[PDB]
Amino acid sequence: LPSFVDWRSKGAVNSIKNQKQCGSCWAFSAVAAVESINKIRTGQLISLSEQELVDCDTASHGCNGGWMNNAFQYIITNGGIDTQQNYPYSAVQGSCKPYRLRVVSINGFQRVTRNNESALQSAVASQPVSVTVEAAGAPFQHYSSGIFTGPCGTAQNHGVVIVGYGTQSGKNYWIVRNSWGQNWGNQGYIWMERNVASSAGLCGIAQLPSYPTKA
């Protein structure tokens, strides 16, 4: 099991995006994970449409929230998802485009053992993983750089993606991709302490991990 993993260095992670004024974190987290597994399996990194999920996943709640697993289920049932180029992000729920295309598809999704950072590390070593984090706190929102150590709660009020992990001067960390643009955190990313005392993980990051599968 690698001691260091960073999917960004393997060309499997897209440029940072911005969800803006829409409660679509669930869609951004799910899409990022899908974009990555597609690259890992097919060799091509394609930017996919978060907007399609906001408009077409009727099991989710548009800009009022949703869940990454709902998103994976939609992509599977729909037979795929369109590109960002053909179905651009508008940050508001609109009509689900009737003639959208199914460019990238997935075969299913796996739910990682809950509240177990070791199990989560194993999953991240294979591909980026979608997770929830408590991100309403001042410490988290004003994060600029370095390894974030809290404080924060465990509410599942935000969805992000873990794109790597490692250790720096004795401190274990997770590399987390946020969807608040490049002007937030460290060029859009946040390094969060890993292997903390609480089984739920820092800010509850280990509570509900899942990732898409593609044979």
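In case it trips you up, residue 1 is the first one in the sequence shown, and so on.
Legend: mean Cα B-factor per stretch from the PDB entry, 76-84 versus 125-133; the higher mean is in 76-84. Of the two stretches examined, 165-173 and 48-56, the record assigns the greater average C-alpha temperature factor to 165-173. Looking at the C-alpha B-factors along this chain, the one for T213 belongs to the middle third.
Among the modelled residues of its chain, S36 has a C-alpha B-factor that falls in the lowest third, as given in the PDB entry.
Among all modelled residues in this chain, the alpha-carbon of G181 has a temperature factor (C-alpha) in the lowest third. Per-chain ranking of the deposited C-alpha B factor places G204 in the lowest third. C22: CA B factor lies in the middle third for its chain, per the PDB record.
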